[PDB]
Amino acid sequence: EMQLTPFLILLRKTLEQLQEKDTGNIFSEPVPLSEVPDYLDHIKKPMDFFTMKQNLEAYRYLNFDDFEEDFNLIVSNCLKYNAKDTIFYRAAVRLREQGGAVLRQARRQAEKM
């Protein structure tokens, strides 16, 4: 129960804050199926920050939980696909950790609305 415009402004800011934690920009765009041809065999719902931005502007995030769930998919897809001894896997762990405080603070701002 709140106004749409300030909520979307908050989500845009939050998405930027999350992307700032991905310094190598490895989560910025869809995993390229031309370089990773078997990716969809194991990952049923790919996600990345560009797709999240598209979803945001298409009004697909009208609650904080749905936004946070797509962020969690970026992380969990990467943990699932990649071996534990890779930079990718460790980057997903780090993103999960650093994203946590970002999301907790942003959710508090949504609740304030």
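Note that residue numbering follows the sequence shown and begins at 1.
Stretches 52-60 and 31-39 differ in mean C-alpha B factor, with the higher average recorded for 31-39. Between 20-28 and 88-96, it is 20-28 that carries the larger average Cα temperature factor according to the deposited entry. Ranked within its chain, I9 lands in the middle third, by CA B factor from the PDB record. In the PDB entry, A101 places in the highest third of its chain by CA B-factor.
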